[PDB]
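Chains A and B, in that order, give the protein sequences.
Using the numbering used here, you'd call the opening residue of the first sequence number 1 and step up by one each time.
Using the numbering used here, you'd call the opening residue of the second sequence number 173 and step up by one each time.
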Amino acid sequence: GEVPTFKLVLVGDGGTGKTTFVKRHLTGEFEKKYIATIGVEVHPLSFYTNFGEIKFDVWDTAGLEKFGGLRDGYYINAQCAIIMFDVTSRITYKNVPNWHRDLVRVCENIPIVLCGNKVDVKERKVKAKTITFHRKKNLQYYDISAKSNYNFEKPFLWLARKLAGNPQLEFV
Amino acid sequence: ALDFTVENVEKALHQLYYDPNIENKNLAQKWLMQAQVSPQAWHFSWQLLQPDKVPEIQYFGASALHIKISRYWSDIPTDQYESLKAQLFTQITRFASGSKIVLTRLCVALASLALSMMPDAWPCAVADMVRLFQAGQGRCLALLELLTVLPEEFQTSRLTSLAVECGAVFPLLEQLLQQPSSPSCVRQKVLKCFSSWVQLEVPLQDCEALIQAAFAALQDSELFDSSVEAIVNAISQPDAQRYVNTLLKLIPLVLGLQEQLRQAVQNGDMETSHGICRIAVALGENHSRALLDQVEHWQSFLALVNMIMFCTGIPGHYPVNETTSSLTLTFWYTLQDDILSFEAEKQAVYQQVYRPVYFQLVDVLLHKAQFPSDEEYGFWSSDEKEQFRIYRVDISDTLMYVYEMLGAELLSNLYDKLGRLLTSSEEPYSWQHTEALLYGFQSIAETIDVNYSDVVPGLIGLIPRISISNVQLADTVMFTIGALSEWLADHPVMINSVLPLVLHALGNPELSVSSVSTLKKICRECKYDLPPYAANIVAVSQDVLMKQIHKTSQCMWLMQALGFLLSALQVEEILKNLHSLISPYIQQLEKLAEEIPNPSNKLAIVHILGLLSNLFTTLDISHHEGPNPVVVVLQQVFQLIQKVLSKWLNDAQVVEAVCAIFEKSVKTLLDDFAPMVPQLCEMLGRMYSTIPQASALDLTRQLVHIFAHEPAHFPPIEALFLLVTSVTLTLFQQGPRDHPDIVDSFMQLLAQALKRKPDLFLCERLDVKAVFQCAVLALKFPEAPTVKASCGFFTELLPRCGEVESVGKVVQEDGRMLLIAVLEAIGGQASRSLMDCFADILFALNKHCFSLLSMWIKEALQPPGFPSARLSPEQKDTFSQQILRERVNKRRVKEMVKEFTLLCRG
Ligand SMILES: Nc1nc2c(ncn2[C@@H]2O[C@H](COP(=O)(O)OP(=O)(O)OP(=O)(O)O)[C@@H](O)[C@H]2O)c(=O)[nH]1
Ligand SMILES: [Mg+2]
């Protein structure tokens, strides 16, 4: 354990891709099924950088209300977060403000990356030009596709750089 | 044996938060979920909130209380309400000194309680919170937290407007804020409380006084961010346009920030310049036209435009020095939309007034989009450059819309500056100033009306005169060329002045994306005038491909570019050229075809396959948008493909590549694929019988779409259709939810059958009952895309009842199941996102089998609390009535389904 481990909380509406994203980073395969998460499932995720090694403990929370578990409670001691939404579902996006509001209530000013998932789907319903989230210094946005592998690493790279205060970080 | 005592919860929390073991964290969290729901939680949580314990521990206690109160209300005996109310108050008063994080959660808790008994049991919640919290600083900050969080929980709770009670909150805020003796902290909390309550249906007119205090608070560093937020939320309200008179009072207030803005820019104070810009842009981008109609106030709106112009032109570069400029773009666009929105008498006056402003904006925008000096740019961070790229995309989009309004003169002005800069004045060389001007042209080059082009020819002539000593400049040149793709098709004589430049850039590895994407554009746009350049283009392409110059993605764009090129050449020339191009790859594939099972081979195999599919995506001699070359190539290649399948059967990625080849070739030649039908069906039929995959169903669906009414070639496809349906049906029994993807393609296939050729359903070899059954269950799947596909099927099925399809109306012996599944979804079993798909099924039931639907629905809603327990028989009847109207249109059925589903959920 020569390097620290940052607590990353993964949040967002049900079926947005949270679990599929994390899973693809961990095994490489893309799950076609949607098996709601119950409470949370913490998964360790490590990346090798040009400066050293960065370790993450991704807290994959549950988007469905009925399976929320300890939502507020998983946020405690987070060094950062990722709020996810479906680009093919206007409702998952209109809800981003509520997820953000609660992360802030527990941790303030931690870096947060907002991802628009499933941009690989031909009929997008939330155009990237509409995103106004990243207008904050500790906030950022990205079009991602857990399926097409598009901008797969971006969120983790941004966060990693913000966390280690070193814009020079690059994954190896 | 661990009971839910404080001691064990603490140990648990410590584990979750500090034990580095992951397995252990997960184990603790599961147990903690149990403890939270247990009724012990009502005893141990107050023990966790003791000064005796650490903050993150105390936190959980308040967290539990908020969850039990907001999500298990029915489990709370009424004899507990008041004593619970009181205990929350007490603890809130106590945590004023302690952790703010816990103080917040406690407030959220008392706020859920409040909202749950507020209409009936707790008549005056807000008024009582105020009275109780008064009789010092801590108490005050507490009440403000409680009052802030309250309206926030109101927006997300499930199960009478709160806005009406705001009339009691505001007086206190005004009182606290206009008093000299209040601390900054109380003031900041008072401005945050205001933002929360404004986010509801509170009329602007009644906020005026707090709007004025917020403005005065801006000059205080401590309260700035809070005011800016409170003010933007006031102005950005959906109902805000209704109160135009107050809008008039807001203009002088925003203008009064001019000096604060200037000073801020001089001092390099980003956060402040950014804050005032947001305020100004909020007024403009929302109430611009209301302000334009009030012509008597034209002088002020003009001053506001100037102010926003000031933020657009802030010195420096967007990402690295000035965040303020980017927020001004959405405004410049709405002003354009507004000006073009009225009759010429008004339009011309304003077009006269604002044309010079948009010319300035273009000058400003072009300077801001200009790259920095090579040295400067070298130290910009990776994220910064990325942000700058996006910012150019945004400016490009706004620049395009400006052209709509300026038009003609814009192109002349730009052409002059560019030509003047290149041939007339020898000034310090700045490829940057040249690139900015060219970039301006590139952003507008697609939207040039086919009327005026005096500028196009001139520009096209200046392009070869430009120095290409910089990658960026070379990329911009290339992009500008491709943007004039359509324009060239009409002026083939100009092609020669650009094609060589583009072909040259094809060899430069650093310009791949731009070069290749432009070649493809030009080939697509001028298929018919490229025949005399075809061989030279083929020559350059082959050379560049031979050398590893482009990445596989760009290589696919090349294959596409080439297809567009060959499609307009005489048959024999298409053959000769095709052979010189693909023969090597086919041979290479043959040598790769007699090899081992390693990935290195795999990569190669996938590459060649994708090259073939991409070329066949683009090559059409029938221009749908002597035999067919493609067909012959396919025939002579088939033996090889089969050899590939035999050795790579288990590989899904390689298989897909083969499927893509035909998927792409079919959409290219629609009738001319006839000769390939029999061979393809055996292949698709064998594939699916061995390893079921969704692309196989999709391919089948394409053949069905094409040859349905072509009896001469359809028979083998009919067999395929039946075979694939027999397998998917067996598969579906076993893994009802294991292959959502296959179910999705399956539903689309069946919907294509009904759409193009319904009589397919009259085949007795196809189990119509089974299909209908699978369809309805599919409706309950978790995967939204599979459910959408299902709704698709029913929408092509129901229109086929009494439409020469006996088997069709026969299955409406099972019709009430469909209605049930639809009402269960609308009840809240399906995502709100899918509502428009289920409304479509309802509409199809009301317009095609109305008699049935009516019996169906009257029965289905009979059981009490069927779709949702939240419903009332009166609400059930109203819905049943509305949906039984015989003339309803999709528009209405969607509106009522949405209204209904909302009542079912909250
Ligand atoms: N088209 C497309 N689909 C995707 C993408 N990412 C995920 N999905 C689909 O969404 C499904 C996975 O949803 P999940 O990630 O398990 O949903 P979830 O986030 O765990 O929902 P919660 O458990 O409530 O948080 C998969 O079956 C994927 O097919 C994507 O990038 N593009
Ligand atoms: Mg999940």
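The beta-carbon is built from N, C-alpha and C at its ideal position, and this holds for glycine as well.
Mind pulling the chain B residues with CB within less than 8 angstroms of A/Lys33?
Against the first sequence, residue 33 of chain A aligns to sequence position 33. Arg909, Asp910, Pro912, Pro954, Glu955, listed in chain order.
Which residue from B/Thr902, B/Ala956, B/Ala950, B/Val948 puts its Cα closest to that of B/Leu938?
Locating residue 938 of chain B in the second sequence gives position 766, counting from the first residue. The residue with the shortest Cα to Cα distance from B/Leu938 is B/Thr902.
Check whether the Cβ atoms of B/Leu345 and B/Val362 lie closer than 9 angstroms to each other.
Taking the second sequence and counting its residues from 1, one reaches residue 345 of chain B at position 173. Taking the second sequence and counting its residues from 1, one reaches residue 362 of chain B at position 190. Yes.
Verify the CB distance criterion: does residue 1080 of chain B have a CB-CB separation below 9 angstroms to chain A?
There is simply no residue 1080 of chain B to check, as chain B begins at 173 and stops at 1078 in what is shown.
Flag B/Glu955 as yes when its Cβ comes closer than 8 angstroms to any non-hydrogen atom of ligand 1, and as no otherwise.
As a working note, residue 955 of chain B is residue 783 in the second sequence. Yes; taking the cut-off as 8 angstroms, the Cβ of B/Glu955 has a heavy atom of ligand 1 nearer than that.
Pick from B/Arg1042, B/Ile1029, B/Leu869 that is closest to B/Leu1056, judged by C-alpha positions
Translated into the one-based positions of the second sequence, residue 1056 of chain B becomes position 884. Nearest C-alpha to B/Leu1056: B/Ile1029.
Mind checking whether B/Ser497 and B/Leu427 have CB atoms under 9 angstroms apart?
On the second sequence, position 325 is the one that residue 497 of chain B refers to. On the second sequence, position 255 is the one that residue 427 of chain B refers to. Contact: no.
Any beta-carbon of chain B closer than 9 angstroms to the one on A/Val42?
Position 42 of the first sequence holds residue 42 of chain A. Judged by the 9 angstroms Cβ criterion, A/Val42 is in contact with chain B.
Along the chain, where does the beta strand (DSSP E) that runs through A/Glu41 open and close?
For the purposes of this step, residue 41 of chain A is identified with residue 41 of the first sequence, where counting begins at 1. Its beta strand (DSSP E) spans residues 40 to 48.
Taking the straight line between their C-alpha atoms, what separation do you get for B/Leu717 and B/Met919?
In the second sequence, counting from the first residue as 1, residue 717 of chain B sits at position 545. In the second sequence, counting from the first residue as 1, residue 919 of chain B sits at position 747. Going from the Cα of B/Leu717 to the Cα of B/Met919 covers about 41 angstroms.
Would you mind stating whether B/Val437 and B/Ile480 have Cβ atoms separated by less than 9 angstroms?
Counting from 1 along the second sequence, the entry for residue 437 of chain B is found at position 265. Counting from 1 along the second sequence, the entry for residue 480 of chain B is found at position 308. For B/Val437 and B/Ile480, no; Cβs fall outside 9 angstroms.
Could you tell me if the beta carbon of B/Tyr490 falls within a distance shorter than 8 angstroms of some heavy atom in ligand 1?
Here residue 490 of chain B corresponds to residue number 318 of the second sequence, with the count starting at 1. Not under cutoff, so the answer is no.
To the nearest angstrom, report how far apart B/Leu586 and B/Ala541 are at their CA atoms.
Locating residue 586 of chain B in the second sequence gives position 414, where the first residue counts as 1. Locating residue 541 of chain B in the second sequence gives position 369, where the first residue counts as 1. Taking the straight line joining both Cα atoms gives about 15 angstroms.
With distance defined between alpha-carbon atoms, name the residue in A/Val172, A/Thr16, A/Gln168, A/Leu157 nearest to A/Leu8.
Here residue 8 of chain A corresponds to residue number 8 of the first sequence, with the count starting at 1. Of the candidates A/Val172, A/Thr16, A/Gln168, A/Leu157, the one whose C-alpha sits nearest the C-alpha of A/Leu8 is A/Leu157.
For a test of the three-state rule: what should DSSP assign to B/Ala335, helix, strand or coil?
The residue labelled residue 335 of chain B in the question sits at position 163 within the second sequence. It is helical.
In or out: residue 182 of chain A buried (at least 16 other Cβ within 10 Å) or exposed?
Lying outside 1 to 172, the shown extent of chain A, residue 182 of chain A is not represented and no answer is given.
Would you please state the rounded distance, in angstroms, between the beta carbons of B/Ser554 and B/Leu507? I believe it to be under 8 angstroms.
For the purposes of this step, residue 554 of chain B is taken as the residue at position 382 of the second sequence. For the purposes of this step, residue 507 of chain B is taken as the residue at position 335 of the second sequence. Not confirmed; about 35 angstroms, so no contact.
By how many angstroms is the C-alpha of B/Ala207 removed from the C-alpha of B/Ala213?
Residue numbering aside, residue 213 of chain B sits at position 41 when the second sequence is read from its first letter. Residue numbering aside, residue 207 of chain B sits at position 35 when the second sequence is read from its first letter. One C-alpha to the other measures close to 6 angstroms.
Contacting residues, own chain, Cβ-Cβ under 8 angstroms from B/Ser333 (five flanking each side not counted)
Taking the first residue of the second sequence as 1, we reach residue 333 of chain B at position 161. Here the set comprises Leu372, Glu373.
Using a Cβ-Cβ cutoff of 9 angstroms, what residues of the stretch 229 to 249 of chain B are near chain A? List them in chain order.
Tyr231, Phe232, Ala234, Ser235, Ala236, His238, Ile239, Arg243
Reducing DSSP to helix, strand and coil, say where B/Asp870 ends up.
Walking along the second sequence from the start, residue 870 of chain B turns up at place 698. Helix at B/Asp870.
Three-way DSSP call (helix, strand, coil) for A/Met84 in this model
For the purposes of this step, residue 84 of chain A is identified with residue 84 of the first sequence, where counting begins at 1. Here A/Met84 sits in strand by DSSP.
Run through DSSP, which three-state label would B/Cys1021 get?
On the second sequence, position 849 is the one that residue 1021 of chain B refers to. Reduced to three states, the DSSP call for B/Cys1021 is coil.
Give the interface partners of B/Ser1005 over in chain A, defined as CB-CB distance under 7 angstroms, in chain order.
Within the second sequence, residue 1005 of chain B is the residue found at index 833, counting from 1. The contacting residues are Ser89, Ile91.
Kindly provide the chain-ordered list of residues whose Cβ lies closer than 5 angstroms to any non-hydrogen atom of ligand 2.
A/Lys18, A/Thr19, A/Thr37
Give the C-beta separation of B/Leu856 and B/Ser917 to the nearest angstrom, bearing in mind that I take them to be a contact with Cβ-Cβ under 8 angstroms.
Translated into the one-based positions of the second sequence, residue 856 of chain B becomes position 684. Translated into the one-based positions of the second sequence, residue 917 of chain B becomes position 745. Not quite, the Cβ-Cβ distance comes to about 12 angstroms (not below 8 angstroms), so this is no contact.
Name the residues in the stretch 293 to 327 of chain B whose C-beta lies less than 9 angstroms from a C-beta of chain E; which are they?
Of the protein chains in this structure, namely A and B, none is chain E.
Could you please tell me which residues of the stretch 105 to 125 of chain A, in chain order, have their CB closer than 7 angstroms to any CB of chain B?
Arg105, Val106
Considering only heavy atoms of ligand 1, does any lie closer than 8 angstroms to the CB of B/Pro664?
For the purposes of this step, residue 664 of chain B is taken as residue 492 along the second sequence, with counting starting at 1. Not under cutoff, so the answer is no.
May I ask you to check if the CB of A/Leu64 is nearer than 8 angstroms to at least one heavy atom of ligand 1?
Walking along the first sequence from the start, residue 64 of chain A turns up at place 64. Indeed, a heavy atom of ligand 1 lies less than 8 angstroms from the Cβ.
In angstroms with no decimal places, state the Cα-to-Cα distance between B/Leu645 and B/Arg330.
Residue numbering aside, residue 645 of chain B sits at position 473 when the second sequence is read from its first letter. Residue numbering aside, residue 330 of chain B sits at position 158 when the second sequence is read from its first letter. Cα to Cα, B/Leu645 sits roughly 57 angstroms from B/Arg330.
Give a single yes or no on whether B/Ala824 has its beta carbon closer than 8 angstroms to a heavy atom of ligand 1.
Counted from its first residue, the second sequence places residue 824 of chain B at position 652. False, no ligand heavy atom lies under 8 angstroms from that Cβ.
For B/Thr1073, count the other beta carbons within 10 Å of its own beta carbon; 16 or more makes it buried, fewer makes it exposed. Which is it?
The residue given as residue 1073 of chain B occupies position 901 in the second sequence. Buried.
Does ligand 1 have a heavy atom nearer than 8 angstroms to the CB of A/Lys127?
The residue given as residue 127 of chain A occupies position 127 in the first sequence. No, Cβ of A/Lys127 sits at least 8 angstroms from all heavy atoms of ligand 1.
Secondary structure at B/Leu741, three-state DSSP: helix, strand or coil?
Numbered from 1 along the second sequence, position 569 holds the residue referred to as residue 741 of chain B. Coil.
Residue of B/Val802, B/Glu494, B/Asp546, B/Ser669 minimising C-alpha distance to A/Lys137:
Indexing the first sequence from 1 puts residue 137 of chain A at position 137. Ranking the options by Cα distance to A/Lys137, first place goes to B/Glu494.
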